[PDB]
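Take a look at this one chain, the form deposited in one PDB entry, written out in C-alpha cells.
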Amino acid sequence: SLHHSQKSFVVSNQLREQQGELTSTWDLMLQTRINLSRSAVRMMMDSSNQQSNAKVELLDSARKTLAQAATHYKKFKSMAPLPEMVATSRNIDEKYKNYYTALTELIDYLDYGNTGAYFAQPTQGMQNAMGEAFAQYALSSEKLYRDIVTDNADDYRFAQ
C-alpha cells in the first residue's frame, strides 16, 4: 500500500525501458540480416563492379550490429522481469538465442565462402519465431502497464 505512486512510476518506467531494449535488439538483428545480404550481393558480383570489394567491410558491419544487438539484449536481461512477465521473457530468451545463433552461423558461412549453406538456412522461420515471441511479450507487457497506470493492479504484480 505504502508508496504506491512511487512504485507505479518506477515499474512503469521499467516496462517501457524493457520494451525499448527489445526493440533495439530486434532492429539490430534485422540490420545484421541486411548487412549479411549486402555482403552476399558483393560476393555474387564480378570484380569489375566497384562495389564488389566491400565484402569484408560489409560482413564486419554485420558482426558489429549483431554485437550491438547482444548488448541491448543484455540490457534487457539486466532489468528484472515483473512476475507476470517471466514466462514471456523466457520465451524471448529461447527464440532470441535461436535467431542469434542462426545469424552467427550465417556470418561464418559467408566468412568461409559457403554461399550455398547461407542461402539454405531457414533464417526467416527463426526470425518469425522471435517476432512472435516479441508480440506475445508486448501483449503481456501492455496488459500489466495499463493496469499499473490505471490503479487496477494488485501489489503482488509489481513485485510488491
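Basically, rigid core = biggest C-alpha set you can superpose within 1.5 Å across the two forms. Counting begins at 1, following the sequence as shown.
Heads up, the form deposited in another entry isn't pictured, but that's what we're talking about next.
In a rigid-core overlay of the protein, residue 101 has its C-alpha displaced by under 2 Å between the shown form and the other one. For residue 152, a C-alpha deviation of 2 angstroms or more is recorded between the shown form and the other one after rigid-core alignment. After superposition on the rigid core, the Cα atom of residue 115 is displaced by less than 2 Å between the shown form and the other one. In the other form, the CA atoms of residue 154 and residue 14 draw together by 3 angstroms or more relative to this form.
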